[PDB]
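A short write-up of the structure that comes next.
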Amino acid sequence: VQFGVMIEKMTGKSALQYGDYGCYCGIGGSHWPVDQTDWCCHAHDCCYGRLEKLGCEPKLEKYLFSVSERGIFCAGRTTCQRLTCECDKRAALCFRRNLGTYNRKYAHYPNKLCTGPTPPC
Ligand SMILES: [Ca+2]
Ligand SMILES: [Cl-]
Ligand SMILES: [Cl-]
Ligand SMILES: [Cl-]
Ligand SMILES: [Cl-]
Ligand SMILES: [Cl-]
Ligand SMILES: [Cl-]
Ligand code: NA
């Protein structure tokens, strides 16, 4: 699927290595993010919330994209598809930017370990 494919292209990792990382990557989220990669996911959730408030269904939207030397190019028939691509693009770029502190120990992080307050969007 789309976001997964973008994650793989931009990070060199498998999609599943971001699908359940930390306290925010993967469905829902609560408490304080564990690291910068997790912050990308906190922000991505916020981005999807903004799209939902605009009338989009970002968990369901399918979009088009290409990756060249110039970056990620988003596309789609509808504005909601293009918005979803923009949210994903920002998160995939955030993942790449933070590859230096990605830690395998936060993949499949048990949710009971998430503590502290929940940052606002
Ligand atoms: Ca999440
Ligand atoms: Cl951090
Ligand atoms: Cl965002
Ligand atoms: Cl491509
Ligand atoms: Cl880009
Ligand atoms: Cl590691
Ligand atoms: Cl790794
Ligand atoms: Na429109």
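The numbering of chain A matches Swiss-Prot: 22-142, in order.
The way this entry was determined, per its header, is X-ray crystallography, 2.0 Å.
Just so it is clear, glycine is given a Cβ too, placed from its N, Cα and C backbone atoms.
The Ca(2+) 2 binding site annotation in Swiss-Prot covers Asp41, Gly43, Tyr130, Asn132. Marked as disulfide bond by Swiss-Prot: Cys44-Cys135, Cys46-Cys62, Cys61-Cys115, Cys67-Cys142, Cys68-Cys108, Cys77-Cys101, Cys95-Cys106. If you look up Swiss-Prot, you'll see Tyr45, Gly47, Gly49, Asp66 marked as Ca(2+) 1 binding site, on the strength of experimental evidence. Here Swiss-Prot flags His65, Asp109 as active site.
Secondary structure at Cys95 (disulfide bond), as computed by DSSP, is strand. Note: the Ca(2+) 1 site is recorded as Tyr45, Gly47, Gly49, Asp66; in the same chain, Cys44, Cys46, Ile48, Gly50, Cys62, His63, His65 also have Cβ atoms within 8 Å of that site's Cβ centroid. Note: the Cα of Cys101 (disulfide bond) and the Cα of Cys46 (disulfide bond) are spaced 22 Å from each other. Among the recorded positions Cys68, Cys95, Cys106, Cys108, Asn132, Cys142, the ones whose Cα sits within 10 Å of the Cα of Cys44 (disulfide bond) are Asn132. Sequence-distant contacts (6 or more apart, same chain, Cβ under 8 Å) of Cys135 (disulfide bond) comprise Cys44, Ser51, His52, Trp53, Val55. For the pair formed by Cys106 (disulfide bond) and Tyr130 (Ca(2+) 2 binding site), distance between Cα atoms is given as 26 Å, rounded to the nearest Å.
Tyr130 (Ca(2+) 2 binding site) and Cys77 (disulfide bond) have their C-alpha atoms 30 Å apart, to the nearest angstrom.
Between the C-alpha atoms of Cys77 (disulfide bond) and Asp66 (Ca(2+) 1 binding site), the distance comes to 14 Å. Fewest other C-beta atoms within 10 angstroms, among the disulfide-bonded residues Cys44, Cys101, are seen around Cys101.
Closest by Cα distance to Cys62 (disulfide bond), from the recorded positions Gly43, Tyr45, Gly47, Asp109, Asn132, is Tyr45.
In the three-state DSSP reading, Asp66 (Ca(2+) 1 binding site) counts as helix. Cα spacing between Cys68 (disulfide bond) and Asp109 (active site): 9 Å, rounded to the nearest whole number.
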